[PDB]
C-alpha cells in the first residue's frame, strides 16, 4: 500500500483525481500571491522512519517565508512534530518522531495537508511559465532524498551533471548502478533530453541549451537509492548524491504552472517612420477610468530613484536626438536613444513589483512607457484583458493623440505575428501593434 500525493493551487489538490488541465499555465499579474496546496495520503498501519516534503521553485516565483501551514486530518500539527527549513527558492518540511507518530500506526488512511504561497516577481518573463516542484521522500529507513533544484546553463549554454554515491552512513561507494536522468525544462515541465551515467562515469554535460531557461536533472528511480540534489551554487552545474537508503521510490506529483502576459507597440507616423520620445500610460477604459501604477508598498526608494534617474537620462538622449537634422540621425545616434531607453525599461520592470489602478495619471508610481529610436515600447506582467493606451507626451513635431488606443492582452499577444508591424525591423515576425502619430 503506497502513499498518494498531489500538488495544485489552493482548493484543487486531489491525490485521487489530479487536475487534468494542470500543465496549462494559469495567468497572473506580477506581484500576485500564488497559493499552493499539497495533499498527501498515508496508508493505514504505516511505519515510516522518514516523511519529508521538499519544494523548489523557478526564479520567477518567490517563496513566501512564514506562510507554511500543515495539518493531519484537518488538525494543525504541533511545532515539535516537524522541522521546517526555508530558503529563497522553497522549503523542506520533515516530520520528527513526534510528527511521525501522528501518521504511523494509524487504523485509517491519514490525510496530510500542507499549504503556503509564493509571489510572482519581476524576474518572470512574459509568456514563459514559472513553476514549483515538490517531492515526497519517505520509507521505513531514514531517507536522504529531496526535490530537484532547478538551474540555468552557463553563459555558453552548457549544463553539467555530477554524481556521487554513498552508503546509508554517508560514506562513498562505487556506482551502485547505471543512473538515468531526464533533463527537464523546469519552467514548462517538458522533458528535453535523456542522459545516462554508466558505472564508470560520474559526470555528463549537455550542450546548446538556452542560457535563460531553468532546467533540472530528474533521476529515474534507482532501486535502493535515494536522490539528494545539492543546493545550487553556480550556473551550469548540478550535483546529485545517491544514498543507499533502500527505500521506495519518491512520490513526485505534477505541478501547476503560472504565467504573465504582455503587449508590444511601435510608435510610427503616416509613412511608417519610427518615432522616439512618445510617452504613454495605460488606462482601464476608453476614457475617464483609472491608470496602471506600481504599488508603493512593494517598491523601495532605490528602485523608485532608479526609475527617475534613468528617465532623466532618457529625456536628455531624446532631446539631443531631436535636435539633430534628419541626415544626422544615424544608426549610432538612434543607438544612443535605444540604449537610454533600455536602461529605463529595465528600471521600470524592476520597480513594477505589483500593480494597482489609480485616478491621478501624474502620480509618480503610474507606469510610463517611452518609445525609443525604433519607436518600440512594451508592457509586461499583465492579466489578459482590454487596456487602453493614452499618450501623455507626443514625439517632437507631432500632435498629441486625441483618442486612447484600445489593445488586447492575451496568451500570445506578446509573441504572435500578424499584429501589424515588426517590433524590431528584420525579425520576420510582425509581433507589435502600430501606434500612429500625425504631423
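Positions refer to the first chain, counted from 1.
Participant: So 102-110 or 141-149, which one's hotter by mean CA B-factor in the entry?
Facilitator: Between 102-110 and 141-149, it is 102-110.
Participant: Look over 397-405 and 33-41 in the entry and identify the one with the greater average Cα temperature factor.
Facilitator: It is 397-405.
Participant: Based on what the PDB entry reports, which of 327, 230, 242, 135 has the top C-alpha B-factor?
Facilitator: Largest recorded C-alpha B-factor: 327.
Participant: Name the residue from 341, 260, 352, 187 with the greatest C-alpha temperature factor listed in the entry.
Facilitator: Of 341, 260, 352, 187, 187 has the highest C-alpha B-factor.
Participant: Would you mind checking where the Cα B-factor of residue 376 ranks among the modelled residues of its chain, as the lowest, middle or highest third?
Facilitator: Its C-alpha B-factor, which the entry lists for residue 376, ranks in the middle third among residues of this chain.
Participant: Lowest, middle or highest third of the chain for the C-alpha temperature factor of residue 117?
Facilitator: Middle third - that is where residue 117 ends up once the chain's C-alpha B-factors are sorted.
Participant: Taking the values exactly as deposited, rank residue 56 by C-alpha B-factor within its chain and report the matching third: lowest, middle or highest.
Facilitator: According to the entry, residue 56 has a C-alpha B-factor in the chain's middle third.
Participant: Ordered by C-alpha B-factor within the chain, which third holds residue 359? Give me lowest, middle or highest, please.
Facilitator: Highest third - that is where residue 359 ends up once the chain's C-alpha B-factors are sorted.
Participant: Determine, from the deposited record, the chain-internal third of the Cα B-factor for residue 75: lowest, middle or highest.
Facilitator: Within its chain, residue 75 is a highest-third residue by C-alpha B-factor, going by the deposited values.
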